[PDB]
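Okay, final_3.txt is below, compact mmCIF, C-alpha atoms and all ligand atoms:
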# COMPACT_ATOMS: atom_id res chain seq x y z
CA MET A 1 129.82 88.90 87.18
CA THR A 2 126.33 89.05 85.95
CA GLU A 3 124.57 92.39 86.64
CA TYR A 4 120.73 92.76 87.03
CA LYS A 5 119.20 96.18 86.77
CA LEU A 6 116.06 96.19 88.93
CA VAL A 7 113.62 99.10 89.64
CA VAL A 8 111.52 99.38 92.77
CA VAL A 9 108.23 101.02 91.97
CA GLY A 10 105.01 101.98 93.80
CA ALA A 11 103.19 104.84 95.56
CA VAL A 12 104.84 107.09 98.11
CA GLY A 13 104.92 105.69 101.73
CA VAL A 14 104.66 101.99 100.84
CA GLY A 15 108.21 101.12 101.96
CA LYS A 16 110.22 101.14 98.75
CA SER A 17 113.17 102.82 100.51
CA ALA A 18 112.93 100.64 103.62
CA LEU A 19 112.91 97.50 101.57
CA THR A 20 115.80 98.52 99.42
CA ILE A 21 117.85 99.66 102.33
CA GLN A 22 117.00 96.63 104.39
CA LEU A 23 118.40 94.50 101.56
CA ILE A 24 121.56 96.48 101.04
CA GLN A 25 122.52 97.35 104.69
CA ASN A 26 120.38 95.19 106.93
CA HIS A 27 118.83 97.85 109.04
CA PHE A 28 115.34 99.21 109.16
CA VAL A 29 115.16 102.84 108.37
CA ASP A 30 112.23 105.12 109.32
CA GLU A 31 112.01 108.66 108.08
CA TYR A 32 114.06 108.69 104.89
CA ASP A 33 113.57 111.64 102.57
CA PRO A 34 110.52 110.82 100.46
CA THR A 35 112.08 112.81 97.70
CA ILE A 36 115.50 111.24 97.35
CA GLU A 37 115.81 108.88 94.34
CA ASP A 38 119.06 106.97 93.96
CA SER A 39 120.57 103.64 93.02
CA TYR A 40 122.00 101.05 95.26
CA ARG A 41 124.27 97.99 94.66
CA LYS A 42 125.19 94.79 96.37
CA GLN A 43 127.17 91.73 95.37
CA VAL A 44 125.16 88.63 96.26
CA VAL A 45 125.07 84.92 95.57
CA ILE A 46 121.59 83.70 94.52
CA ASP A 47 121.23 79.95 93.53
CA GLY A 48 125.01 79.62 93.23
CA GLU A 49 125.31 82.52 90.67
CA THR A 50 127.28 85.43 91.96
CA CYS A 51 125.95 88.72 90.79
CA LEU A 52 125.71 92.44 90.97
CA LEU A 53 122.32 93.91 91.91
CA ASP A 54 121.79 97.41 90.49
CA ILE A 55 118.66 98.72 92.24
CA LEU A 56 116.83 101.99 91.46
CA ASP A 57 114.90 103.32 94.40
CA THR A 58 112.30 105.36 92.64
CA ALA A 59 111.03 108.70 94.06
CA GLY A 60 109.44 111.96 92.81
CA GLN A 61 106.23 113.22 91.21
CA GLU A 62 105.75 111.28 88.20
CA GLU A 63 102.13 110.48 87.58
CA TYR A 64 102.12 106.65 87.82
CA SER A 65 104.59 106.07 85.02
CA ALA A 66 108.30 106.18 84.37
CA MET A 67 110.19 107.58 87.35
CA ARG A 68 113.87 107.65 86.09
CA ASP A 69 113.61 107.11 82.34
CA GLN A 70 117.07 105.80 81.55
CA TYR A 71 116.62 102.97 84.17
CA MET A 72 113.01 102.31 83.24
CA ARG A 73 113.70 101.32 79.65
CA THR A 74 116.78 99.71 80.82
CA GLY A 75 115.44 98.03 83.93
CA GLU A 76 115.45 94.31 83.54
CA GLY A 77 112.87 93.71 86.20
CA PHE A 78 110.52 95.59 88.47
CA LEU A 79 109.40 95.29 92.06
CA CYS A 80 105.79 96.52 92.21
CA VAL A 81 105.14 97.29 95.81
CA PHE A 82 102.15 98.35 97.79
CA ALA A 83 101.39 98.60 101.51
CA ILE A 84 99.01 95.98 102.94
CA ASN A 85 97.18 98.66 104.88
CA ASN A 86 96.75 101.08 102.07
CA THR A 87 94.22 100.04 99.57
CA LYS A 88 94.98 103.06 97.33
CA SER A 89 98.63 102.08 96.91
CA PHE A 90 97.23 98.70 96.09
CA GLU A 91 94.67 99.96 93.62
CA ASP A 92 97.44 101.97 91.91
CA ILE A 93 99.38 98.88 91.05
CA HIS A 94 97.66 98.73 87.68
CA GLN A 95 98.92 102.09 86.57
CA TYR A 96 102.55 101.33 87.40
CA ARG A 97 102.25 98.08 85.61
CA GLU A 98 100.91 99.84 82.52
CA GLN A 99 103.61 102.46 82.21
CA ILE A 100 106.24 99.64 82.59
CA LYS A 101 104.64 97.54 79.81
CA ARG A 102 104.35 100.98 77.96
CA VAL A 103 107.99 101.93 77.87
CA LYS A 104 109.06 98.36 77.30
CA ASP A 105 106.83 97.39 74.47
CA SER A 106 105.57 94.22 76.24
CA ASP A 107 103.17 92.65 78.73
CA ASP A 108 106.02 90.27 79.54
CA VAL A 109 108.63 92.04 81.60
CA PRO A 110 109.87 90.50 84.71
CA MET A 111 107.96 91.72 87.77
CA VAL A 112 107.03 90.71 91.24
CA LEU A 113 104.10 92.09 93.31
CA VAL A 114 105.08 93.03 96.84
CA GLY A 115 102.70 93.48 99.75
CA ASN A 116 104.76 95.31 102.28
CA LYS A 117 104.37 96.05 106.00
CA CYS A 118 102.94 92.63 106.77
CA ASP A 119 103.99 93.27 110.34
CA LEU A 120 101.14 95.52 110.75
CA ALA A 121 98.30 93.68 112.45
CA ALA A 122 95.50 95.42 110.76
CA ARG A 123 95.18 95.29 106.90
CA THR A 124 92.88 96.80 104.35
CA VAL A 125 94.16 94.51 101.60
CA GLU A 126 93.97 90.81 102.02
CA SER A 127 96.27 88.08 100.93
CA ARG A 128 93.80 86.29 98.59
CA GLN A 129 92.92 89.50 96.66
CA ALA A 130 96.56 90.34 96.07
CA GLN A 131 97.38 86.91 95.02
CA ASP A 132 94.43 86.67 92.67
CA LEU A 133 95.67 89.86 91.04
CA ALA A 134 99.10 88.49 90.70
CA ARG A 135 97.73 85.27 89.34
CA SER A 136 95.77 87.21 86.74
CA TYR A 137 98.93 89.13 85.89
CA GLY A 138 101.08 86.03 85.77
CA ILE A 139 103.60 87.20 88.39
CA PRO A 140 104.55 86.23 91.92
CA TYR A 141 103.26 87.84 94.97
CA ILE A 142 105.22 87.97 98.06
CA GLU A 143 104.50 89.57 101.40
CA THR A 144 107.40 91.28 103.16
CA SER A 145 108.10 93.65 106.02
CA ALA A 146 111.05 96.02 105.87
CA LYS A 147 110.60 96.30 109.64
CA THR A 148 111.11 92.74 110.73
CA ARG A 149 112.74 91.98 107.45
CA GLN A 150 110.38 89.11 106.70
CA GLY A 151 110.39 88.32 102.93
CA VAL A 152 112.70 91.10 101.74
CA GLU A 153 115.40 88.76 100.39
CA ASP A 154 112.72 86.40 98.94
CA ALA A 155 111.15 89.32 97.12
CA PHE A 156 114.33 90.61 95.44
CA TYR A 157 115.76 87.18 94.71
CA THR A 158 112.44 85.96 93.36
CA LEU A 159 112.68 88.98 91.02
CA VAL A 160 116.24 87.95 89.95
CA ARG A 161 115.04 84.43 89.10
CA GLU A 162 112.25 85.76 86.90
CA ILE A 163 114.76 87.81 85.00
CA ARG A 164 116.92 84.74 84.61
CA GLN A 165 114.11 82.63 83.24
CA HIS A 166 113.10 85.43 81.00
CA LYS A 167 116.71 85.75 79.57
CA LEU A 168 116.93 81.96 79.08
CA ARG A 169 113.62 81.80 77.18
CA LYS A 170 115.11 83.36 74.00
CA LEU A 171 117.56 80.41 74.33
CA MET B 1 57.03 95.97 90.22
CA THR B 2 60.56 96.24 91.32
CA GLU B 3 62.78 98.30 88.97
CA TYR B 4 66.60 97.81 88.62
CA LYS B 5 68.65 100.50 86.99
CA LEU B 6 71.64 98.83 85.34
CA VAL B 7 74.46 100.43 83.25
CA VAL B 8 76.43 98.58 80.60
CA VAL B 9 79.97 99.87 80.50
CA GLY B 10 83.21 99.14 78.59
CA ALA B 11 85.36 100.21 75.63
CA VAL B 12 83.95 100.87 72.18
CA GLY B 13 83.49 97.72 69.96
CA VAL B 14 83.22 95.16 72.78
CA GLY B 15 79.54 94.37 72.17
CA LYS B 16 77.70 96.48 74.72
CA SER B 17 74.96 97.33 72.19
CA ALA B 18 74.72 93.77 70.84
CA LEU B 19 74.37 92.36 74.29
CA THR B 20 71.76 94.83 75.37
CA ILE B 21 69.78 94.45 72.22
CA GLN B 22 70.06 90.69 72.25
CA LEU B 23 68.48 90.76 75.71
CA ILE B 24 65.69 93.14 74.90
CA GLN B 25 64.70 91.96 71.34
CA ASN B 26 66.39 88.62 70.79
CA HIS B 27 68.22 89.37 67.64
CA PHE B 28 71.87 89.88 66.94
CA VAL B 29 72.64 93.26 65.57
CA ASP B 30 75.83 94.13 63.65
CA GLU B 31 76.65 97.68 62.71
CA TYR B 32 74.78 99.80 65.24
CA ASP B 33 75.82 103.43 65.54
CA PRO B 34 78.81 103.47 67.89
CA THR B 35 77.70 106.87 68.99
CA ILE B 36 74.10 106.31 69.99
CA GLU B 37 73.57 106.11 73.80
CA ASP B 38 70.10 105.26 75.02
CA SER B 39 68.14 103.31 77.58
CA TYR B 40 66.23 100.16 77.11
CA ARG B 41 63.55 98.35 79.21
CA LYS B 42 62.07 94.92 79.54
CA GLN B 43 59.70 93.30 81.98
CA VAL B 44 61.17 89.96 83.07
CA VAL B 45 60.71 87.31 85.72
CA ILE B 46 64.01 86.36 87.43
CA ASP B 47 63.84 83.81 90.36
CA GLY B 48 60.08 84.28 90.62
CA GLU B 49 60.34 88.12 91.11
CA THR B 50 58.79 90.07 88.32
CA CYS B 51 60.65 93.21 87.51
CA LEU B 52 61.45 96.10 85.30
CA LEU B 53 64.97 96.25 83.86
CA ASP B 54 66.10 99.83 83.11
CA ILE B 55 69.31 99.43 81.07
CA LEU B 56 71.65 102.26 79.98
CA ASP B 57 73.62 101.41 76.89
CA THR B 58 76.58 103.66 77.33
CA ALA B 59 78.28 105.39 74.35
CA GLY B 60 80.41 108.50 73.63
CA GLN B 61 83.84 109.94 74.41
CA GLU B 62 84.16 109.96 78.00
CA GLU B 63 87.64 109.10 79.14
CA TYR B 64 87.06 105.84 81.08
CA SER B 65 84.66 107.32 83.61
CA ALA B 66 81.05 108.34 83.91
CA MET B 67 79.26 108.10 80.57
CA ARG B 68 75.69 109.42 81.40
CA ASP B 69 76.04 111.04 84.82
CA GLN B 70 72.46 110.94 86.04
CA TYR B 71 72.35 107.09 85.48
CA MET B 72 75.86 106.52 86.79
CA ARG B 73 75.19 107.83 90.28
CA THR B 74 71.85 106.34 90.07
CA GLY B 75 72.78 103.03 88.49
CA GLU B 76 72.21 100.21 90.89
CA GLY B 77 74.55 97.84 89.14
CA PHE B 78 77.04 97.74 86.32
CA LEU B 79 77.94 95.33 83.57
CA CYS B 80 81.68 95.70 82.93
CA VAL B 81 82.27 94.21 79.55
CA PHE B 82 85.29 93.51 77.46
CA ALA B 83 85.90 91.53 74.27
CA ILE B 84 87.79 88.22 74.66
CA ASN B 85 89.91 89.04 71.64
CA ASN B 86 90.84 92.52 72.64
CA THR B 87 93.30 92.69 75.41
CA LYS B 88 93.11 96.52 75.55
CA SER B 89 89.37 96.51 76.26
CA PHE B 90 90.28 94.00 78.89
CA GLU B 91 93.12 96.02 80.36
CA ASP B 92 90.77 99.02 80.53
CA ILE B 93 88.43 97.29 82.87
CA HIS B 94 90.25 98.78 85.83
CA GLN B 95 89.58 102.33 84.81
CA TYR B 96 85.84 101.81 84.38
CA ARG B 97 85.72 100.11 87.69
CA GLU B 98 87.46 103.07 89.33
CA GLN B 99 85.21 105.79 88.00
CA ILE B 100 82.16 103.68 89.13
CA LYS B 101 83.55 103.27 92.68
CA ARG B 102 84.45 107.07 92.31
CA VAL B 103 81.00 108.45 91.68
CA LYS B 104 79.44 106.02 94.10
CA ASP B 105 81.62 106.47 97.09
CA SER B 106 82.30 102.70 97.45
CA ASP B 107 84.31 99.66 96.38
CA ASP B 108 81.10 97.71 96.90
CA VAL B 109 78.69 98.40 94.08
CA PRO B 110 77.09 95.60 92.31
CA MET B 111 79.01 94.59 89.18
CA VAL B 112 79.61 91.69 86.92
CA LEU B 113 82.62 91.21 84.57
CA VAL B 114 81.63 90.15 81.07
CA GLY B 115 83.91 88.53 78.52
CA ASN B 116 82.03 88.93 75.31
CA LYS B 117 82.36 87.40 71.84
CA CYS B 118 83.21 83.95 73.17
CA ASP B 119 82.11 82.64 69.82
CA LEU B 120 85.24 83.82 68.35
CA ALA B 121 87.69 80.93 68.11
CA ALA B 122 90.80 82.87 68.67
CA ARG B 123 91.27 84.87 71.94
CA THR B 124 93.89 87.17 73.32
CA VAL B 125 92.41 87.03 76.82
CA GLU B 126 92.02 83.75 78.54
CA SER B 127 89.37 82.49 80.87
CA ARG B 128 91.66 81.95 83.92
CA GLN B 129 93.11 85.52 83.77
CA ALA B 130 89.67 87.08 83.62
CA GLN B 131 88.38 85.00 86.36
CA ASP B 132 91.37 85.67 88.58
CA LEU B 133 90.71 89.37 88.09
CA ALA B 134 87.13 88.96 88.98
CA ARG B 135 88.05 86.89 91.96
CA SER B 136 90.41 89.63 93.12
CA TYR B 137 87.62 92.15 92.61
CA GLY B 138 85.03 90.02 94.34
CA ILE B 139 82.60 89.89 91.40
CA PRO B 140 81.35 87.28 88.97
CA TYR B 141 82.72 86.69 85.61
CA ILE B 142 80.67 85.37 82.88
CA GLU B 143 81.46 84.70 79.26
CA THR B 144 78.78 85.55 76.71
CA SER B 145 78.31 86.00 72.98
CA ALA B 146 75.77 88.46 71.65
CA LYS B 147 76.08 86.52 68.39
CA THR B 148 74.98 83.08 69.45
CA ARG B 149 73.41 84.54 72.52
CA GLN B 150 75.33 82.26 74.85
CA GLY B 151 75.38 83.72 78.41
CA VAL B 152 73.58 87.00 77.74
CA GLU B 153 70.62 86.26 80.03
CA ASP B 154 72.97 84.74 82.67
CA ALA B 155 75.06 87.90 82.63
CA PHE B 156 72.19 90.38 83.16
CA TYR B 157 70.29 88.20 85.60
CA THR B 158 73.45 87.46 87.57
CA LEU B 159 73.78 91.26 87.80
CA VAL B 160 70.16 91.56 89.09
CA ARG B 161 70.84 88.98 91.82
CA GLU B 162 73.91 90.87 93.03
CA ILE B 163 71.83 93.99 93.34
CA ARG B 164 69.25 92.03 95.28
CA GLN B 165 71.77 90.65 97.73
CA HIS B 166 73.29 94.03 98.06
CA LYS B 167 69.85 95.64 98.89
CA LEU B 168 69.07 92.86 101.42
CA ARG B 169 72.40 93.28 103.22
CA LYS B 170 71.32 96.56 104.92
CA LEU B 171 68.44 94.35 106.18
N1 LIG C 201 105.47 98.91 110.06
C1 LIG C 201 106.19 99.15 108.95
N2 LIG C 201 106.46 100.39 108.50
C2 LIG C 201 107.20 100.39 107.33
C3 LIG C 201 107.52 99.25 106.59
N3 LIG C 201 108.15 99.64 105.38
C4 LIG C 201 108.25 100.97 105.48
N4 LIG C 201 107.67 101.48 106.61
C5 LIG C 201 107.50 102.90 106.92
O1 LIG C 201 106.66 103.47 105.92
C6 LIG C 201 107.11 104.81 105.66
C7 LIG C 201 107.56 104.89 104.24
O2 LIG C 201 108.78 104.18 104.06
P1 LIG C 201 109.63 104.58 102.87
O3 LIG C 201 110.63 103.38 102.52
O4 LIG C 201 110.21 105.95 103.10
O5 LIG C 201 108.46 104.69 101.74
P2 LIG C 201 108.55 104.94 100.19
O6 LIG C 201 107.90 106.28 99.92
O7 LIG C 201 107.95 103.74 99.38
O8 LIG C 201 110.20 105.09 99.97
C8 LIG C 201 108.18 105.04 106.69
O9 LIG C 201 107.56 105.42 107.92
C9 LIG C 201 108.77 103.67 106.79
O10 LIG C 201 109.55 103.55 107.99
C10 LIG C 201 107.24 98.01 106.99
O11 LIG C 201 107.52 96.92 106.44
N5 LIG C 201 106.58 98.02 108.24
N1 LIG C 202 81.52 87.63 66.82
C1 LIG C 202 80.90 88.55 67.58
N2 LIG C 202 80.84 89.86 67.24
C2 LIG C 202 80.17 90.62 68.18
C3 LIG C 202 79.71 90.16 69.42
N3 LIG C 202 79.21 91.25 70.17
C4 LIG C 202 79.31 92.28 69.34
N4 LIG C 202 79.91 91.98 68.14
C5 LIG C 202 80.27 92.94 67.10
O1 LIG C 202 81.24 93.84 67.65
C6 LIG C 202 81.01 95.15 67.09
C7 LIG C 202 80.65 96.07 68.21
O2 LIG C 202 79.34 95.78 68.70
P1 LIG C 202 78.62 96.90 69.41
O3 LIG C 202 77.46 96.27 70.33
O4 LIG C 202 78.25 97.97 68.43
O5 LIG C 202 79.84 97.44 70.35
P2 LIG C 202 79.87 98.52 71.49
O6 LIG C 202 80.73 99.67 71.00
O7 LIG C 202 80.31 97.90 72.85
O8 LIG C 202 78.27 99.02 71.51
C8 LIG C 202 79.94 94.92 66.06
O9 LIG C 202 80.56 94.45 64.86
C9 LIG C 202 79.14 93.84 66.72
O10 LIG C 202 78.30 93.19 65.76
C10 LIG C 202 79.78 88.88 69.78
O11 LIG C 202 79.36 88.34 70.83
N5 LIG C 202 80.38 88.08 68.78
MG MG C 203 111.58 106.59 99.34
MG MG C 204 77.17 100.81 71.13
How does this structure look as structure tokens?
Amino acid sequence: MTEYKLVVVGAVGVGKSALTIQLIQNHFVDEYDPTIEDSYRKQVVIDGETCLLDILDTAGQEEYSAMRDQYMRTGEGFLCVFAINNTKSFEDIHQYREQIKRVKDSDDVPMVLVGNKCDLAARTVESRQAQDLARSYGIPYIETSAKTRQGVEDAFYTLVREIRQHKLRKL
Amino acid sequence: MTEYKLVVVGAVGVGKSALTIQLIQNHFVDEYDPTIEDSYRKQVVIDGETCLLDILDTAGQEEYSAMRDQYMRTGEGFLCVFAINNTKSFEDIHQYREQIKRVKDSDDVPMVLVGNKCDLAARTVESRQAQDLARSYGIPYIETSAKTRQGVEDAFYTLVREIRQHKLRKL
């Protein structure tokens, strides 16, 4: 069926692995080797289209750029994630977004901005600032929580839909 | 009288020198040595307070950081400017804003975002994206044109007022 190659990107400790794993196997995982980078797949039905999700769970020292090259130029969409209680991870969103536009020759590649850990009752980054950023970038912003699972399907599926619109726009 | 040390910052070719000079001597200047970095002063009355504006017109290769050190930690406010028809200068706004927060130990230093050259009927950066960015940063955005002079006083004076509020907030 159709196959979407997605890449999950963002600073270390934001919850990239917990989100990915929550999506694939429905269980929250804590303590998962910060170093391990691997792909994950799942057959899903989104909006009636059945498809294959090919997700790259990025890890490793790569100064805010292209963690896993031959997925990065080939990724069809990216999940830019930050933790809602870590302003740095948030401030670093710009750099990830610039390497992505950099290897892909465009400021028009499907992405979604993800504010993770919204279960934490605390916060150093607030909803309106994130969403203004997204609004300036032109992409959606969605808050999730790998822990309670809130928003994880909405985040990945919202990313699929963007890719879809983007493929239909060339006709 | 009161004295405000302001720094004009941004990529080369955006109009930092034309704006500064337009403010100080009311005349548009084209072709002004991209390399020359110097300060400029003017006595003005803003909101009934008479004051001395001490402006640093930043120039020189300094990778998006602290052009003129002993003005940068001492600047009381910064004018972050980009050209409305130069998306790169615009995308680089983040880096300037991070060195400023970097030498000043805070994500709370008076700044104003300036979209210059609004006389050009063209544009690669649009009003709503700039303002969403500003809104996410928490600072004002003002469009100016060193050429026709539109907005140049509003930009500097709006920067003075921010500094004022910021000084009054400690009481
Ligand atoms: N409270 C809470 N902790 C989370 C959430 N997402 C991830 N974590 C924890 O944050 C840390 C980093 O998660 P991980 O997926 O390994 O981060 P990564 O470096 O982006 O892969 C671990 O302690 C996770 O269990 C979340 O939504 N809520
Ligand atoms: N049309 C137009 N050109 C401008 C404007 N501001 C500056 N320029 C021109 O842009 C170039 C760069 O100006 P300058 O102040 O030297 O740029 P800087 O490197 O930021 O100091 C010169 O050609 C200026 O005359 C503006 O508002 N409108
Ligand atoms: Mg991980
Ligand atoms: Mg100059």
From the options A:165, A:116, A:136, A:2, which residue's atoms come nearest to residue A:18, counting all atoms listed in the file?
A:116
Record the distance separating atom CA of residue B:47 and atom CA of residue B:162, expressed in Å with one decimal.
12.6 Å
Cα-based least-squares overlay of chain A on chain B, as a compact mmCIF listing (two decimals) with C-alpha atoms, in the coordinates of the input:
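Generated output (selection08.txt):
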# COMPACT_ATOMS: atom_id res chain seq x y z
CA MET A 1 57.03 95.96 90.22
CA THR A 2 60.56 96.24 91.32
CA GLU A 3 62.77 98.31 88.97
CA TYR A 4 66.60 97.80 88.62
CA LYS A 5 68.65 100.50 86.99
CA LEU A 6 71.65 98.83 85.35
CA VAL A 7 74.47 100.43 83.25
CA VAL A 8 76.43 98.59 80.60
CA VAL A 9 79.97 99.87 80.50
CA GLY A 10 83.21 99.14 78.60
CA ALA A 11 85.36 100.21 75.63
CA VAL A 12 83.95 100.87 72.18
CA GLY A 13 83.49 97.72 69.96
CA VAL A 14 83.22 95.16 72.78
CA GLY A 15 79.53 94.37 72.17
CA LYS A 16 77.70 96.49 74.72
CA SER A 17 74.97 97.32 72.19
CA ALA A 18 74.72 93.77 70.84
CA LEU A 19 74.36 92.35 74.29
CA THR A 20 71.76 94.83 75.37
CA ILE A 21 69.78 94.45 72.23
CA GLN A 22 70.06 90.69 72.25
CA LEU A 23 68.48 90.75 75.72
CA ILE A 24 65.69 93.14 74.90
CA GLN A 25 64.70 91.96 71.34
CA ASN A 26 66.38 88.62 70.79
CA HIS A 27 68.22 89.37 67.63
CA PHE A 28 71.87 89.88 66.94
CA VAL A 29 72.64 93.25 65.57
CA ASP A 30 75.83 94.14 63.65
CA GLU A 31 76.65 97.68 62.71
CA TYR A 32 74.78 99.80 65.24
CA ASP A 33 75.82 103.43 65.54
CA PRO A 34 78.81 103.47 67.89
CA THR A 35 77.70 106.87 68.99
CA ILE A 36 74.10 106.31 69.99
CA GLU A 37 73.58 106.11 73.79
CA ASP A 38 70.09 105.26 75.02
CA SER A 39 68.14 103.31 77.59
CA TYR A 40 66.23 100.16 77.11
CA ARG A 41 63.55 98.35 79.21
CA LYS A 42 62.07 94.92 79.54
CA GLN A 43 59.69 93.29 81.98
CA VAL A 44 61.16 89.96 83.07
CA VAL A 45 60.72 87.31 85.72
CA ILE A 46 64.02 86.37 87.43
CA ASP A 47 63.84 83.81 90.36
CA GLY A 48 60.08 84.28 90.62
CA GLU A 49 60.34 88.12 91.10
CA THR A 50 58.78 90.07 88.32
CA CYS A 51 60.65 93.21 87.51
CA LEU A 52 61.45 96.10 85.30
CA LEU A 53 64.98 96.26 83.86
CA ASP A 54 66.10 99.82 83.10
CA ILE A 55 69.31 99.44 81.07
CA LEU A 56 71.65 102.26 79.98
CA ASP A 57 73.62 101.41 76.89
CA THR A 58 76.58 103.66 77.33
CA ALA A 59 78.28 105.39 74.35
CA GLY A 60 80.41 108.51 73.64
CA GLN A 61 83.84 109.94 74.41
CA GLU A 62 84.16 109.96 78.01
CA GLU A 63 87.64 109.10 79.14
CA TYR A 64 87.06 105.84 81.08
CA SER A 65 84.66 107.31 83.61
CA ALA A 66 81.05 108.33 83.91
CA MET A 67 79.25 108.10 80.57
CA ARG A 68 75.69 109.42 81.40
CA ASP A 69 76.04 111.03 84.82
CA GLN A 70 72.46 110.94 86.04
CA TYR A 71 72.35 107.10 85.48
CA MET A 72 75.86 106.53 86.78
CA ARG A 73 75.20 107.83 90.28
CA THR A 74 71.85 106.33 90.06
CA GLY A 75 72.77 103.02 88.49
CA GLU A 76 72.21 100.21 90.89
CA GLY A 77 74.54 97.84 89.14
CA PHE A 78 77.04 97.75 86.32
CA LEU A 79 77.93 95.33 83.57
CA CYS A 80 81.68 95.69 82.93
CA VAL A 81 82.27 94.21 79.55
CA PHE A 82 85.29 93.51 77.46
CA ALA A 83 85.90 91.52 74.27
CA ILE A 84 87.79 88.23 74.66
CA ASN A 85 89.91 89.05 71.64
CA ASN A 86 90.84 92.52 72.64
CA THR A 87 93.29 92.69 75.41
CA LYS A 88 93.11 96.52 75.54
CA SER A 89 89.38 96.51 76.27
CA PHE A 90 90.28 94.00 78.90
CA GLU A 91 93.12 96.01 80.36
CA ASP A 92 90.77 99.03 80.53
CA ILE A 93 88.42 97.29 82.87
CA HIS A 94 90.26 98.78 85.83
CA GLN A 95 89.58 102.34 84.81
CA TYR A 96 85.84 101.81 84.38
CA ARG A 97 85.72 100.11 87.69
CA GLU A 98 87.46 103.07 89.33
CA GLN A 99 85.21 105.79 88.00
CA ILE A 100 82.16 103.68 89.13
CA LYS A 101 83.55 103.27 92.68
CA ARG A 102 84.45 107.07 92.31
CA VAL A 103 81.01 108.45 91.68
CA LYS A 104 79.43 106.02 94.10
CA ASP A 105 81.62 106.47 97.09
CA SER A 106 82.30 102.70 97.45
CA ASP A 107 84.31 99.67 96.38
CA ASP A 108 81.09 97.71 96.90
CA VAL A 109 78.69 98.40 94.08
CA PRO A 110 77.08 95.60 92.31
CA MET A 111 79.01 94.59 89.18
CA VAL A 112 79.61 91.69 86.92
CA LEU A 113 82.62 91.21 84.57
CA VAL A 114 81.63 90.15 81.08
CA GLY A 115 83.91 88.53 78.53
CA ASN A 116 82.04 88.93 75.31
CA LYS A 117 82.36 87.39 71.84
CA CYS A 118 83.21 83.96 73.18
CA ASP A 119 82.11 82.64 69.81
CA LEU A 120 85.24 83.81 68.35
CA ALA A 121 87.69 80.93 68.10
CA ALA A 122 90.80 82.87 68.66
CA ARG A 123 91.27 84.87 71.95
CA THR A 124 93.90 87.17 73.32
CA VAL A 125 92.41 87.03 76.82
CA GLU A 126 92.01 83.75 78.55
CA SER A 127 89.38 82.49 80.87
CA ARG A 128 91.65 81.96 83.92
CA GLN A 129 93.10 85.52 83.77
CA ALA A 130 89.67 87.09 83.62
CA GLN A 131 88.38 85.00 86.36
CA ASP A 132 91.37 85.67 88.58
CA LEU A 133 90.71 89.37 88.09
CA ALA A 134 87.13 88.97 88.98
CA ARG A 135 88.05 86.89 91.97
CA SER A 136 90.41 89.63 93.13
CA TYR A 137 87.62 92.15 92.61
CA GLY A 138 85.03 90.02 94.34
CA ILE A 139 82.60 89.89 91.40
CA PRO A 140 81.34 87.28 88.97
CA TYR A 141 82.72 86.69 85.61
CA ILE A 142 80.66 85.37 82.88
CA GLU A 143 81.46 84.70 79.26
CA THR A 144 78.77 85.55 76.71
CA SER A 145 78.31 85.99 72.98
CA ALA A 146 75.77 88.46 71.65
CA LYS A 147 76.08 86.52 68.39
CA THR A 148 74.98 83.08 69.45
CA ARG A 149 73.41 84.54 72.51
CA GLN A 150 75.33 82.26 74.85
CA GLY A 151 75.38 83.72 78.41
CA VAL A 152 73.58 87.01 77.74
CA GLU A 153 70.62 86.27 80.03
CA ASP A 154 72.98 84.74 82.68
CA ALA A 155 75.06 87.90 82.63
CA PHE A 156 72.19 90.38 83.15
CA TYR A 157 70.29 88.21 85.60
CA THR A 158 73.45 87.46 87.56
CA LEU A 159 73.78 91.26 87.80
CA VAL A 160 70.16 91.56 89.09
CA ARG A 161 70.85 88.99 91.82
CA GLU A 162 73.91 90.87 93.03
CA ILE A 163 71.83 93.99 93.34
CA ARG A 164 69.25 92.03 95.28
CA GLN A 165 71.77 90.65 97.72
CA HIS A 166 73.30 94.03 98.06
CA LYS A 167 69.85 95.64 98.90
CA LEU A 168 69.08 92.86 101.41
CA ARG A 169 72.41 93.28 103.23
CA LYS A 170 71.33 96.56 104.92
CA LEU A 171 68.44 94.34 106.18
Taking all atoms listed in the file into account, find every residue of chain A that has an atom no more than 12 Å from chain B, and write it out as number ranges by chain.
A: 87-88, 90-95, 97-98, 101, 107, 125-139
Could you report the residues within 6 Å of ligand LIG 202 (chain C), using only C-alpha atoms and all ligand atoms, as a list in words?
residues 12, 13, 14, 15, 16, 17, 18, 29, 30, 31, 32, 34, 116, 117, 119, 120, 145, 146 and 147 of chain B
Dump as a CSV table (one decimal), in the frame of the given file, selection limited to C-alpha atoms:
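This went into selection14.csv:
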chain,number,residue,atom,x,y,z
B,12,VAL,CA,84.0,100.9,72.2
B,13,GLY,CA,83.5,97.7,70.0
B,14,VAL,CA,83.2,95.2,72.8
B,15,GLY,CA,79.5,94.4,72.2
B,16,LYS,CA,77.7,96.5,74.7
B,17,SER,CA,75.0,97.3,72.2
B,18,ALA,CA,74.7,93.8,70.8
B,29,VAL,CA,72.6,93.3,65.6
B,30,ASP,CA,75.8,94.1,63.6
B,31,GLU,CA,76.6,97.7,62.7
B,32,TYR,CA,74.8,99.8,65.2
B,34,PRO,CA,78.8,103.5,67.9
B,116,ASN,CA,82.0,88.9,75.3
B,117,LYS,CA,82.4,87.4,71.8
B,119,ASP,CA,82.1,82.6,69.8
B,120,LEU,CA,85.2,83.8,68.4
B,145,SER,CA,78.3,86.0,73.0
B,146,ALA,CA,75.8,88.5,71.6
B,147,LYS,CA,76.1,86.5,68.4
